[PDB]
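A lone chain, given as structure tokens: the form deposited without its partner chain.
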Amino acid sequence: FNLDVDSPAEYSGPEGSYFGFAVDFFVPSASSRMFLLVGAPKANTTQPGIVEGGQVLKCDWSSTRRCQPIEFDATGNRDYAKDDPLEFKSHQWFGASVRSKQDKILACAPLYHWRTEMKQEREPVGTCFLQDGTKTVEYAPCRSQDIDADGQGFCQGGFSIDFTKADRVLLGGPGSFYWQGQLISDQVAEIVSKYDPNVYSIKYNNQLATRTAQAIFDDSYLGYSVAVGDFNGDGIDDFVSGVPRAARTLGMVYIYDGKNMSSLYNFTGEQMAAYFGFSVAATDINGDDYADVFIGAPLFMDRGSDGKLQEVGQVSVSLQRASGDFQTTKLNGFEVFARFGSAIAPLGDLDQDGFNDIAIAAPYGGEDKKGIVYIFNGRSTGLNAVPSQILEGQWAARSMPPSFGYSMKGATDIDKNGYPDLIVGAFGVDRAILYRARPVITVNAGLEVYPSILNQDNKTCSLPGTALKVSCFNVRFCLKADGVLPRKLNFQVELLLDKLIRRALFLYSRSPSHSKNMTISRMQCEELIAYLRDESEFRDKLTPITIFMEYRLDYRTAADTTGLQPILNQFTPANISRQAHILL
């Protein structure tokens, strides 16, 4: 609910380059500045003879929102022999998957094809470039001697990627072994160490990889999506991956142990061709330190308001029990054909209530199919199924649908305001947007009216104007407030006496209202004296007197150095009421 949708940083790329197809954060260990990593996989480069090799751009959060491409590789196609190209980089979709951890930047080109060494082929083994600090090495674990579709020839390694917290890459290859798919994991140190620019098939000693299986498992697309998280409680991140075409297109999700690549648990979709596994995510959503599994199926059909099936998409939320099992519920999309669940981004704790949050996109939802992103909050009981915020795509369809939300990345505090922010890509219009998390203020208000039964003849206080004594009572209101926050928070409180011919007025003002510019540091009460009017001035002594308080937003002066104004917690009551009564 606290994402600033008012002053977002808007980045754009070269037209048609599919800038925004993949996003991530750049947080270098030389913790100077922070940057947005955006893939533009159809971008033209300066590589000699290479049409649309694609590139990954580094965008400056600084001040000028100008992006500068990162030169991973400037060369053209290597030759195996004279007039015999070794590789083919045109339309390789470099930047189709971008992933960053500290200074490590891993991007891949899943449509990179190579010749093989024994024939003149064009086989999409896929390749990646890993840029550590100073060095920059190539990573193509699927470019091997096990060639052709029988082996790793069409593996498209790097179709999905991620890092574990122990410096392993997890790479997904959906094409290996007749599109059985494959998961490969190598240590980041071994990828950079054993790299040799004259060796086309590098052997890694500490390599984890799934092996070829029976033919009934062909056409599974294991590695279409990947994510990391511990699921057998050993502190080592395990490998979760969507297998969207398995089980006769019911789709499945495999979980593999991060030590020896052995199978841990499986999920199975419930509907045919829903693309169960199009996206996966792993994050603890109910604050119990057991990572929870999010499995998107953006083609899932539910029942509409009528009896017809309608494409709305479905995300399954699987809570990891310590007993090894999962407690799973299911969350459906809202708009037909919106592809709810195409991308699932763990946000961290977007409002910092102690429970992690998550975003789920419907890249073709909203008005004019400009894209929608839903924010879901966590709590002890799981995911709150009612979204607390809806981020709408702002750019109209140029040529293609903008696909706002098709990729997204969170869990990084890029402004160091104490709250993590969110990057949303819109590659259909060559755009990426950074949404700032506003800080959340919790306010505790009080309102007391004593004495509450008002005696017209108990005229104690003197009306400060005249000399006539009046029947008086106390109205006491309290206020308390508490990220990185301004010390003095300025609150505007307004009070109103009586429900309707206001029969009760404040002593020092003879008015039914008050108003006060009070200041809280992250108690505070203020006492007042109000009085009844004379018995002859009004009839009706039967209607009660409602005392209505109403505290208001901290307005301009609460803004941060960036103009980022905090927000009151979504639970915040707008007002409080009390009552006093007159006797007979």
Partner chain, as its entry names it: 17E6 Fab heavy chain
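Numbering follows the first chain given and starts at 1.
The next section is about a form of this same protein that is not shown, the form solved in complex with its partner chain.
For the candidate set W395, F267, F129, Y204, a heavy atom within 4.5 Å of its partner chain in the deposited complex is found for exactly one residue, namely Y204.
Only one of the listed residues (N444, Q102, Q145, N490) places a non-hydrogen atom within 4.5 angstroms of its partner chain in the deposited complex, and that residue is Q145. Using a 4.5 Å cutoff between non-hydrogen atoms, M118 counts as a contact of its partner chain in the deposited complex. Shown alone here, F326 lies farther than 4.5 Å from its partner chain in the deposited complex, counting heavy atoms only. Residue contact check for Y200: one or more of its heavy atoms lie within 4.5 Å of its partner chain in the deposited complex. In the deposited complex, no heavy atom of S241 sits within 4.5 Å of its partner chain. Only one segment in the set 417-425, 464-472, 69-77, 211-219 has any non-hydrogen atom within 4.5 angstroms of its partner chain in the deposited complex, and it is 211-219.
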